[PDB]
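One chain is shown next in C-alpha cells, namely the form deposited in one PDB entry.
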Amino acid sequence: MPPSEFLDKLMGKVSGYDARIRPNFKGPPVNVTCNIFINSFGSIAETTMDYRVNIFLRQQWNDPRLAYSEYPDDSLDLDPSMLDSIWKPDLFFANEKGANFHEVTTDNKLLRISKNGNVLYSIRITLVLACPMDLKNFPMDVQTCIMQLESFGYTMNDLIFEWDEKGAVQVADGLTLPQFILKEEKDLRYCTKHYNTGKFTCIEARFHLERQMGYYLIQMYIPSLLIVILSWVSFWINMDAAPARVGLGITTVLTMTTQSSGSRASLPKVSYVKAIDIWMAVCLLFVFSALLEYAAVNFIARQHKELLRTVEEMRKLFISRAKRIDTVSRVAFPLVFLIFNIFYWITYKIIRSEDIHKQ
C-alpha cells in the first residue's frame, strides 16, 4: 500500500476535496482552538511603542473530510510542501507591523492529521506588535501588551476562534529579558470585533511586564543625588566672601539641566508628567533655592559694607542674621530633603502595588 497513492488519493483531482470551501458547509461554524508558544520575546522599543516576539502558532480544527480510517497508525506526519491544497483558516494580527515568515533550508511549517480528522497546523512567525504603553510612572510600572488574533474574511457564523483549555500560553525555558521581568498571569480574553461589513471573531492574550529599577537607579538617581550632596556641603562650609561659592551654583545648575535633558532622551514626547520629571524638578528646585539663599546673604553683606566707615550697633544686628541663616540652612536643607524622599518613595510604592493588584 504505497504512500504516494494514498497521499494523493486523499486530496487529489479524483477526491472531491475543494480547498476553497469551508468544512461542514451550510452548517455550524468551524471551531478552532489556538495554542501559542513563545520562542523568544524581547527588544521592546519605548520610542515607537512596540515590541518584537517570535512565536509558534498552533491551531486545531475538525474536518469531516480527510478521515481516512484505513491505516494502522492514527497520526500521519505529512509534507509541509502540500500545505496549499487544504483549508487553512484566515488569521491576522490587529496590532501588527511587518510579520514575516521564515524560509531557512525549508519552510518552517508543520502538518499533522489524525484518524478522526483533527488537524494540527504549526507556524513560526516573528511579529512586531504595537503596544500603547502608558508612561505615567516611568521607572516603576507594570505594562500590559496586547496580542489580538482575528478572522479577516469570515463572519461569526463561520470560523469561531477559541482558546485552548490547558497550556494556552507557554514560554521557552530560561527565557529572560534584559529590561523587564515577565509575569505568569497570562490573561486570556475573547474580544469580538464589530464592523459595518459584519461582526468578526477575536481572541486576545495579555502579558504583564514589570520594569527593573536597577539600571535607572544607577544611571540617574545616584548622580543627581551626589550632585545635590556636592552643592550642599561644598558652598556652605566656605567663607562668606568668595567668587567660588557663586560659581559653584551655576555649574551645579548646568549639571542639573544637562542631566534633565539626558533623562528625557530615549523617551517619546508625551503631554503628561513622568515621575523622573518630578524628581529632577525637585532637585533643580533645591539647588536653585540654595543659590538664591547665597544671593540673599550677599545682600546682607552689602548692608554691612554700607554701614562700615551707632554704627556698630546696626552692623552686628545684620551679621548675626547672616550667621543664623547660614546655620539653619546647614541643618534645614537635609531634613527637608529626607522628608521629600520618604513621601516620594512611599507613595510610588503604594501606586505600583495598587496597579499590580488592579491588573
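Each residue number is its position in the shown sequence, starting from 1. Note that the rigid core is defined as the largest set of C-alphas that superpose within 1.5 Å between two forms.
- Where the other entries of this protein model the residues before and after it, residue 330 is kept in all of them rather than dropped from a third.
- In at least a third of the other compared PDB entries of this protein that cover both flanking sides, residue 305 is left without coordinates.
- Unmodelled deposited residues between residue 26 and residue 27: none, per the record.
Beyond the structure shown, there is the form deposited in another entry, which is absent from this document and is the topic of what follows.
- In the overlay on the core between the shown form and the other one, a shift of 2 Å or more in CA position is seen for a single residue of 198, 132, 153, 247, which is 247.
- A displacement of less than 2 angstroms separates the C-alpha positions of residue 85 between the shown form and the other one, with the rigid core held in common.
- Relative to the superposed core, residue 170 shifts its CA atom by less than 2 Å between the shown form and the other one.
- With the core held fixed, residue 116 shows a CA shift below 2 Å between the shown form and the other one.
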